[PDB]
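Structure data follow from input-v7.txt (compact mmCIF, C-alpha atoms and all ligand atoms):
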```
# COMPACT_ATOMS: atom_id res chain seq x y z
CA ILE A 1 -9.06 -7.10 0.23
CA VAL A 2 -12.56 -7.85 1.52
CA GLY A 3 -15.46 -7.61 -0.92
CA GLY A 4 -13.23 -6.86 -3.89
CA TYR A 5 -12.68 -8.64 -7.20
CA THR A 6 -9.92 -10.48 -9.07
CA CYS A 7 -7.99 -7.69 -10.78
CA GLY A 8 -6.74 -9.83 -13.63
CA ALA A 9 -3.14 -10.86 -14.31
CA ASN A 10 -0.82 -7.83 -14.42
CA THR A 11 -3.59 -5.24 -14.76
CA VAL A 12 -1.91 -3.35 -11.90
CA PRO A 13 1.73 -3.16 -13.18
CA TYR A 14 3.02 -1.01 -10.30
CA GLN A 15 1.81 -3.37 -7.53
CA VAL A 16 4.66 -5.20 -5.81
CA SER A 17 4.84 -7.88 -3.14
CA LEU A 18 7.33 -7.70 -0.27
CA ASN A 19 8.71 -11.17 0.51
CA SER A 20 10.69 -12.51 3.48
CA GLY A 21 10.20 -16.21 2.79
CA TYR A 22 6.51 -15.50 2.26
CA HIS A 23 4.32 -12.53 1.30
CA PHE A 24 3.81 -10.08 4.17
CA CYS A 25 3.13 -6.64 2.64
CA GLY A 26 2.41 -4.74 -0.54
CA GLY A 27 4.21 -1.81 -2.13
CA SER A 28 4.29 0.44 -5.20
CA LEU A 29 7.00 0.83 -7.85
CA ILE A 30 7.68 4.56 -8.23
CA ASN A 31 10.63 4.22 -10.63
CA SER A 32 13.00 1.53 -11.91
CA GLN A 33 14.90 1.42 -8.59
CA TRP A 34 12.55 2.56 -5.84
CA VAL A 35 9.52 1.14 -4.07
CA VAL A 36 7.20 2.93 -1.65
CA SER A 37 5.48 1.03 1.15
CA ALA A 38 4.33 1.44 4.76
CA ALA A 39 6.80 2.00 7.57
CA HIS A 40 5.06 -0.61 9.75
CA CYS A 41 5.96 -3.10 7.03
CA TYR A 42 9.64 -2.61 7.81
CA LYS A 43 11.71 -5.75 8.12
CA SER A 44 15.28 -6.76 7.34
CA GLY A 45 16.05 -9.14 4.48
CA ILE A 46 13.27 -7.95 2.19
CA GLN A 47 12.96 -9.21 -1.39
CA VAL A 48 10.76 -7.26 -3.80
CA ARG A 49 8.63 -9.23 -6.24
CA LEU A 50 7.38 -7.43 -9.36
CA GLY A 51 5.06 -8.54 -12.16
CA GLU A 52 3.21 -10.88 -9.78
CA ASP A 53 -0.34 -12.19 -10.01
CA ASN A 54 -0.47 -15.63 -8.37
CA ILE A 55 2.19 -15.27 -5.66
CA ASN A 56 2.53 -19.06 -5.35
CA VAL A 57 3.12 -19.92 -9.01
CA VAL A 58 5.89 -18.68 -11.30
CA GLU A 59 3.94 -17.48 -14.34
CA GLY A 60 6.78 -15.98 -16.37
CA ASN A 61 6.47 -12.22 -15.85
CA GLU A 62 8.03 -11.87 -12.39
CA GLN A 63 11.18 -10.06 -11.35
CA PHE A 64 12.71 -10.88 -7.96
CA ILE A 65 15.07 -8.21 -6.64
CA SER A 66 16.58 -7.88 -3.18
CA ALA A 67 16.39 -4.59 -1.29
CA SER A 68 19.77 -2.90 -0.95
CA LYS A 69 18.53 -0.21 1.40
CA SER A 70 15.37 0.62 3.35
CA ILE A 71 14.47 4.08 4.62
CA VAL A 72 11.70 4.50 7.18
CA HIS A 73 10.31 8.04 7.39
CA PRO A 74 12.39 10.04 9.90
CA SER A 75 9.28 10.88 11.94
CA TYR A 76 7.42 7.57 11.80
CA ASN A 77 5.59 6.96 15.10
CA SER A 78 4.63 3.28 15.53
CA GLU A 79 2.27 4.14 18.37
CA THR A 80 0.16 6.63 16.43
CA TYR A 81 0.93 5.39 12.90
CA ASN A 82 1.71 8.97 11.89
CA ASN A 83 4.07 9.19 8.87
CA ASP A 84 3.52 5.50 8.01
CA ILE A 85 5.67 5.44 4.89
CA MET A 86 8.92 3.79 3.86
CA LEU A 87 11.19 3.82 0.81
CA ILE A 88 13.04 0.74 -0.47
CA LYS A 89 15.87 0.90 -2.99
CA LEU A 90 16.40 -2.12 -5.25
CA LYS A 91 19.87 -3.64 -5.60
CA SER A 92 19.40 -3.45 -9.35
CA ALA A 93 17.01 -1.58 -11.62
CA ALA A 94 13.81 -3.34 -12.61
CA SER A 95 13.25 -4.05 -16.32
CA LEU A 96 10.16 -2.00 -17.21
CA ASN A 97 7.56 -3.28 -19.66
CA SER A 98 3.80 -3.77 -20.05
CA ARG A 99 3.56 -5.87 -16.88
CA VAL A 100 6.05 -3.97 -14.72
CA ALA A 101 5.55 -0.21 -14.66
CA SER A 102 5.93 2.65 -12.20
CA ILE A 103 3.08 4.79 -10.89
CA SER A 104 3.22 8.60 -10.77
CA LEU A 105 3.45 10.61 -7.57
CA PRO A 106 0.71 13.23 -7.18
CA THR A 107 1.25 16.97 -7.66
CA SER A 108 -1.83 17.82 -5.61
CA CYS A 109 -3.86 16.00 -2.99
CA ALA A 110 -7.11 14.28 -3.98
CA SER A 111 -10.50 15.50 -2.78
CA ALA A 112 -13.26 13.62 -0.97
CA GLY A 113 -15.50 11.59 -3.25
CA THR A 114 -12.69 10.78 -5.66
CA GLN A 115 -12.82 7.15 -6.77
CA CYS A 116 -9.63 5.16 -6.17
CA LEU A 117 -8.30 1.65 -6.76
CA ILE A 118 -6.89 -0.37 -3.86
CA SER A 119 -5.10 -3.67 -4.48
CA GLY A 120 -3.37 -6.43 -2.55
CA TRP A 121 -3.07 -10.11 -1.60
CA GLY A 122 -4.51 -9.60 1.87
CA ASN A 123 -7.15 -11.53 3.80
CA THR A 124 -10.53 -11.63 2.02
CA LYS A 125 -12.83 -12.31 4.99
CA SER A 126 -14.03 -9.83 7.63
CA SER A 127 -14.25 -12.60 10.25
CA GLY A 128 -12.59 -15.79 9.08
CA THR A 129 -9.21 -16.21 7.44
CA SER A 130 -8.70 -16.82 3.73
CA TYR A 131 -5.72 -15.51 1.78
CA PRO A 132 -5.96 -15.37 -2.03
CA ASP A 133 -3.09 -16.38 -4.28
CA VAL A 134 -4.02 -13.90 -7.02
CA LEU A 135 -4.20 -10.10 -6.78
CA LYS A 136 -7.50 -8.65 -5.55
CA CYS A 137 -8.91 -5.23 -6.47
CA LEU A 138 -11.38 -2.79 -4.92
CA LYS A 139 -12.86 0.53 -6.06
CA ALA A 140 -13.37 2.94 -3.18
CA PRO A 141 -14.08 6.64 -2.59
CA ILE A 142 -12.03 8.97 -0.41
CA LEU A 143 -14.12 10.10 2.56
CA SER A 144 -14.36 13.58 4.08
CA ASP A 145 -12.07 14.32 7.03
CA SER A 146 -15.02 14.91 9.34
CA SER A 147 -16.65 11.51 8.80
CA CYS A 148 -13.16 10.00 8.94
CA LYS A 149 -12.37 11.51 12.34
CA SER A 150 -15.94 10.87 13.46
CA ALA A 151 -15.73 7.14 12.70
CA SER A 152 -12.23 6.46 14.06
CA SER A 153 -11.66 5.48 17.70
CA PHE A 154 -8.10 6.75 17.39
CA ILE A 155 -6.57 10.08 16.42
CA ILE A 156 -6.45 10.76 12.69
CA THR A 157 -3.54 13.05 11.81
CA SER A 158 -3.23 15.44 8.88
CA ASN A 159 -1.06 12.78 7.23
CA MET A 160 -3.90 10.27 6.97
CA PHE A 161 -7.22 9.99 5.12
CA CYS A 162 -10.08 7.47 5.13
CA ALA A 163 -11.39 5.58 2.11
CA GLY A 164 -14.00 2.88 1.79
CA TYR A 165 -17.59 2.30 2.83
CA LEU A 166 -19.24 3.22 6.11
CA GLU A 167 -21.72 0.40 5.51
CA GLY A 168 -18.97 -2.23 5.76
CA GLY A 169 -18.33 -5.22 3.52
CA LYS A 170 -15.55 -3.66 1.42
CA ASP A 171 -12.13 -2.75 2.84
CA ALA A 172 -8.42 -3.55 2.87
CA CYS A 173 -7.20 -6.11 5.42
CA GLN A 174 -4.28 -7.95 7.00
CA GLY A 175 -1.67 -8.47 4.28
CA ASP A 176 -2.68 -5.47 2.16
CA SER A 177 -0.54 -3.10 4.22
CA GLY A 178 1.91 -0.98 2.26
CA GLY A 179 -0.15 -1.41 -0.88
CA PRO A 180 -1.24 1.34 -3.35
CA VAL A 181 -4.31 3.56 -3.46
CA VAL A 182 -4.38 5.04 -6.95
CA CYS A 183 -6.72 7.80 -8.08
CA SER A 184 -6.61 9.45 -11.49
CA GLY A 185 -3.34 7.73 -12.33
CA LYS A 186 -1.59 9.06 -9.23
CA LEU A 187 -0.42 7.27 -6.07
CA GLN A 188 -2.43 9.11 -3.40
CA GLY A 189 -2.36 6.61 -0.56
CA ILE A 190 -0.66 3.69 1.17
CA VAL A 191 -2.64 0.95 2.94
CA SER A 192 -1.87 1.75 6.60
CA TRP A 193 -4.38 0.69 9.24
CA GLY A 194 -7.92 -0.02 10.32
CA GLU A 195 -9.98 -1.20 13.28
CA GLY A 196 -10.69 -4.68 11.97
CA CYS A 197 -11.64 -5.34 8.35
CA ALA A 198 -14.77 -4.13 6.53
CA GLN A 199 -16.61 -3.48 9.79
CA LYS A 200 -19.66 -1.24 9.65
CA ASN A 201 -18.78 2.39 10.40
CA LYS A 202 -15.03 1.64 10.35
CA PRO A 203 -13.32 2.67 7.08
CA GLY A 204 -9.73 2.10 6.04
CA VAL A 205 -7.11 4.67 7.03
CA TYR A 206 -4.37 5.53 4.56
CA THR A 207 -1.07 7.43 4.48
CA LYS A 208 -1.57 10.68 2.53
CA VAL A 209 1.24 10.53 -0.05
CA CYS A 210 0.76 14.08 -1.38
CA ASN A 211 2.31 15.32 1.91
CA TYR A 212 5.55 13.40 1.33
CA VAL A 213 6.38 14.12 -2.31
CA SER A 214 9.14 16.51 -1.27
CA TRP A 215 10.74 14.01 1.14
CA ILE A 216 10.40 11.22 -1.40
CA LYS A 217 12.03 13.21 -4.20
CA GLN A 218 14.92 14.54 -2.10
CA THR A 219 15.63 11.10 -0.63
CA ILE A 220 15.81 9.16 -3.90
CA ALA A 221 17.87 11.97 -5.43
CA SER A 222 20.47 11.62 -2.67
CA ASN A 223 20.56 7.82 -2.34
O1 LIG A 301 -7.07 -2.49 15.38
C1 LIG A 301 -5.91 -2.77 15.01
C2 LIG A 301 -4.83 -1.75 15.41
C3 LIG A 301 -4.74 -0.69 14.24
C4 LIG A 301 -3.67 0.39 14.53
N1 LIG A 301 -3.82 1.00 15.91
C5 LIG A 301 -3.76 2.44 16.12
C6 LIG A 301 -3.68 2.98 17.46
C7 LIG A 301 -3.62 4.39 17.64
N2 LIG A 301 -3.64 5.22 16.54
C8 LIG A 301 -3.71 4.74 15.25
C9 LIG A 301 -3.78 3.34 15.01
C10 LIG A 301 -4.02 0.03 17.04
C11 LIG A 301 -5.17 -0.98 16.73
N3 LIG A 301 -5.66 -3.90 14.32
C12 LIG A 301 -6.79 -4.84 13.97
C13 LIG A 301 -6.83 -5.02 12.42
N4 LIG A 301 -5.50 -5.59 12.03
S1 LIG A 301 -5.44 -6.11 10.46
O2 LIG A 301 -6.57 -7.00 10.22
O3 LIG A 301 -4.14 -6.72 10.32
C14 LIG A 301 -5.51 -4.76 9.28
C15 LIG A 301 -4.27 -4.21 8.79
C16 LIG A 301 -4.27 -3.12 7.89
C17 LIG A 301 -5.49 -2.54 7.47
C18 LIG A 301 -5.48 -1.46 6.60
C19 LIG A 301 -6.69 -0.87 6.17
CL1 LIG A 301 -6.59 0.46 5.09
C20 LIG A 301 -7.96 -1.37 6.62
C21 LIG A 301 -7.99 -2.47 7.52
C22 LIG A 301 -6.77 -3.07 7.96
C23 LIG A 301 -6.76 -4.18 8.87
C24 LIG A 301 -4.37 -4.65 12.34
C25 LIG A 301 -4.29 -4.32 13.85
CA CA A 302 3.95 -15.58 -9.61
```

Translate the structure described by the file into structure tokens.
Amino acid sequence: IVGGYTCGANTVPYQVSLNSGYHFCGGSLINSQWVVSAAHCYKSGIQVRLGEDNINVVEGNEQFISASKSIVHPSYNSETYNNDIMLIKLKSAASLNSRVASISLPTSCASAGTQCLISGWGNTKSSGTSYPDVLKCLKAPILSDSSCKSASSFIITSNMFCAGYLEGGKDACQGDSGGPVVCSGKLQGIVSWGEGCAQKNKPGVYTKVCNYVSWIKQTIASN
């Protein structure tokens, strides 16, 4: 997160960290046994860390649970980033409380202008490199499809949406991938990709979760 602020310990109870010996991606707890993340974050031997704030210090509220099964969207295209979403089932159910809670799936897509909260442990500099140990937060508005497509050098599909600032300075970054974009108490997006970080005229591109609710529900119901 570039240009964001320290969220505050456990103020984002659904935020999870994907670990493979180190933090590499974010994710969202959608129920006691399932996590949603980005397909490009796929990797074998994933361990899900819940209730985290400082990812380098055990503070007492964490839950470390190995992934028993990962499911990349059937139509994920790594070349176009279309359908960049993945589901991860936990070997055992998480113990829900005030610091570990699930986020609701949306029943309708969010409209442009809506204010959303993006969070992650990603790089905090648009040029240099500096990874925080505590969770960073950022408030950002969903942009209109036209300005989104207009700003992007690549093709924006109907399964993506832009959020952020055209004036640069605030954006998600390397390490934030797979993380949540929550608006009005609903998970509306997944940190997917961008052309650099917080560059002027280059907003963040996110997976539009409202288009996958049916796939998500059917999948967890049958697995
Ligand atoms: O420009 C790129 C790729 C981004 C993905 N990509 C395409 C190509 C064709 N169609 C769609 C996407 C090819 C170029 N990168 C530079 C920025 N890095 S990053 O710093 O790790 C990064 C990762 C995720 C991000 C997510 C957001 Cl939401 C905003 C900035 C982000 C920046 C990722 C690769
Ligand atoms: Ca910790």

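Between CA of residue 30 (chain A) and atom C8 of ligand LIG 301 (chain A) lies a distance of 26.1 Å.
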
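Of the listed residues A:107, A:37, A:147, A:63, the one whose atoms come nearest to ligand CA 302 (chain A) is A:63, with distances taken using all atoms listed in the file.
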
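Nearest residue to residue 3 (chain A) among A:36, A:148, A:138, A:182 is A:138, counting all atoms listed in the file.
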
Chain A near ligand LIG 301 (chain A) within 10 Å: what's each residue's closest atom pair and its distance in Å to one decimal, counting all atoms listed in the file, ordered by chain then ascending residue number, as a Markdown table?
```
| residue | atom | partner | partner_atom | distance |
| --- | --- | --- | --- | --- |
| A:1 | CA | A:LIG301 | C20 | 8.7 |
| A:2 | CA | A:LIG301 | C21 | 9.3 |
| A:25 | CA | A:LIG301 | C16 | 9.7 |
| A:40 | CA | A:LIG301 | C16 | 9.8 |
| A:77 | CA | A:LIG301 | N2 | 9.5 |
| A:78 | CA | A:LIG301 | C9 | 8.4 |
| A:79 | CA | A:LIG301 | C7 | 5.9 |
| A:80 | CA | A:LIG301 | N2 | 4.1 |
| A:81 | CA | A:LIG301 | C8 | 5.2 |
| A:82 | CA | A:LIG301 | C8 | 7.7 |
| A:118 | CA | A:LIG301 | CL1 | 9.0 |
| A:122 | CA | A:LIG301 | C15 | 8.8 |
| A:123 | CA | A:LIG301 | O2 | 7.9 |
| A:125 | CA | A:LIG301 | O2 | 9.7 |
| A:126 | CA | A:LIG301 | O2 | 8.4 |
| A:127 | CA | A:LIG301 | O2 | 9.5 |
| A:129 | CA | A:LIG301 | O2 | 10.0 |
| A:152 | CA | A:LIG301 | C8 | 8.8 |
| A:153 | CA | A:LIG301 | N2 | 8.1 |
| A:154 | CA | A:LIG301 | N2 | 4.8 |
| A:155 | CA | A:LIG301 | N2 | 5.7 |
| A:156 | CA | A:LIG301 | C8 | 7.1 |
| A:157 | CA | A:LIG301 | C8 | 9.0 |
| A:160 | CA | A:LIG301 | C8 | 10.0 |
| A:161 | CA | A:LIG301 | CL1 | 9.6 |
| A:162 | CA | A:LIG301 | CL1 | 7.8 |
| A:163 | CA | A:LIG301 | CL1 | 7.6 |
| A:164 | CA | A:LIG301 | CL1 | 8.5 |
| A:170 | CA | A:LIG301 | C20 | 9.5 |
| A:171 | CA | A:LIG301 | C20 | 5.8 |
| A:172 | CA | A:LIG301 | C20 | 4.4 |
| A:173 | CA | A:LIG301 | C23 | 4.0 |
| A:174 | CA | A:LIG301 | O3 | 3.5 |
| A:175 | CA | A:LIG301 | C15 | 6.7 |
| A:176 | CA | A:LIG301 | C16 | 6.4 |
| A:177 | CA | A:LIG301 | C16 | 5.2 |
| A:178 | CA | A:LIG301 | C18 | 8.6 |
| A:179 | CA | A:LIG301 | CL1 | 9.0 |
| A:181 | CA | A:LIG301 | CL1 | 9.4 |
| A:189 | CA | A:LIG301 | CL1 | 9.4 |
| A:190 | CA | A:LIG301 | CL1 | 7.8 |
| A:191 | CA | A:LIG301 | CL1 | 4.5 |
| A:192 | CA | A:LIG301 | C18 | 4.8 |
| A:193 | CA | A:LIG301 | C18 | 3.6 |
| A:194 | CA | A:LIG301 | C21 | 3.7 |
| A:195 | CA | A:LIG301 | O1 | 3.8 |
| A:196 | CA | A:LIG301 | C13 | 3.9 |
| A:197 | CA | A:LIG301 | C21 | 4.7 |
| A:198 | CA | A:LIG301 | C21 | 7.1 |
| A:199 | CA | A:LIG301 | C21 | 9.0 |
| A:202 | CA | A:LIG301 | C20 | 8.5 |
| A:203 | CA | A:LIG301 | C20 | 6.7 |
| A:204 | CA | A:LIG301 | CL1 | 3.7 |
| A:205 | CA | A:LIG301 | CL1 | 4.7 |
| A:206 | CA | A:LIG301 | CL1 | 5.6 |
| A:207 | CA | A:LIG301 | CL1 | 8.9 |
```

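Here the question is which of A:56, A:185, A:75, A:31 gets nearest to residue 88 (chain A) using all atoms listed in the file, and that residue is A:31.
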
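For the choices A:47, A:6, A:201, A:54, the atom-to-atom distance to ligand CA 302 (chain A) is smallest for A:54 when using only C-alpha atoms and all ligand atoms.
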
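Distance-wise, CA of residue 96 (chain A) and CA of residue 62 (chain A) end up 11.2 Å apart.
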
Enter the distance from CA of residue 184 (chain A) to CA of residue 14 (chain A), in Å, rounded to one decimal. 14.3 Å

To check your reading of the model: which residues sit at most 12 Å from ligand CA 302 (chain A) when counting all atoms listed in the file? Write the answer as a PyMOL selection string. chain A and resi 9-10+16-17+23+49-64+121+133-135
